[PDB]
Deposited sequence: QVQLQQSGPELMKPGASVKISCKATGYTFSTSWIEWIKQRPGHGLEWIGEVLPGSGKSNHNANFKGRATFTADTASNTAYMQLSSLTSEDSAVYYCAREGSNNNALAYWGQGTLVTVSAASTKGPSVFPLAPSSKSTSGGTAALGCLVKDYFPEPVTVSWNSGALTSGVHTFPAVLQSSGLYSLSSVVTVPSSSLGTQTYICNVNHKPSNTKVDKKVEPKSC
């Protein structure tokens, strides 16, 4: 079967150039176009360009203004997209794709490569309580960290019911913040302990925070 496998995530400084690879298997590499698709949240899917391996031919989306270059190495069955002069707008998931056997639908897709363009440096989060307010709600605020991700659990994985860990927001500072909450019976607030376990690996931040009603 036809398979497309992409290179891993890229963390980039503004103004840098990124090169993403797409290894193709299960067909004759020189007889099909490898195409590239951009996906930002709130923008859908955008066609960027393509390369026909071994021909020297490539095609471009005009709105990229020559910043995107598409090449291929026939010896290793790998296609490449290079995007120069990176900005915050270029932060997206990038897919390589190929046409079907007897149809021009994109039947075969790579797993996607996440490119993050940021000027921020590695920072550990501060963990703040969201103190309890029939049913009570409590939580933890995991504020001012870089980069993604963070791993959050409650009571070492024992508490899963009624837990909502929210998508992180990217602040104007360039640092992330997320919240994790749990709704519980209010009668158990005096008997049952509630601890959020927070792990941010790049900063070596490992925090267990007990959350209780304020004195």
Where are the holes in the model when you compare it to the deposited sequence?
134-139, 222
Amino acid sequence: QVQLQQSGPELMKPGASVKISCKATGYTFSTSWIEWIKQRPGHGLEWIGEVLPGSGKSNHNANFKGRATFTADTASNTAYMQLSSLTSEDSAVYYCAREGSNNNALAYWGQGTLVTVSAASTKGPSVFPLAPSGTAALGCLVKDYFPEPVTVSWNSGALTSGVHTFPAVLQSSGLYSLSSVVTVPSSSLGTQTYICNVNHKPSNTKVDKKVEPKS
From here on, numbers count along this sequence of modelled residues.
Comparing mean C-alpha B factor in the record for 146-154 and 179-187, the higher one is 179-187
Look over 28-36 and 43-51 in the entry and identify the one with the greater average Cα temperature factor.
43-51
With respect to the C-alpha temperature factors reported in the PDB entry, which of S88, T78, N104, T113 ranks highest?
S88
Considering every modelled residue of the chain and its Cα B-factor in the PDB entry, is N199 in the lowest, middle or highest third?
middle
Could you tell me which third, lowest, middle or highest, the C-alpha B-factor of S161 occupies within its chain?
highest
Determine, from the deposited record, the chain-internal third of the Cα B-factor for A16: lowest, middle or highest.
middle
Check where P129 lands among this chain's C-alpha B-factors and tell me if it's the lowest, middle or highest third.
lowest
Chain-relative C-alpha B factor for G66 (record values, thirds): the highest
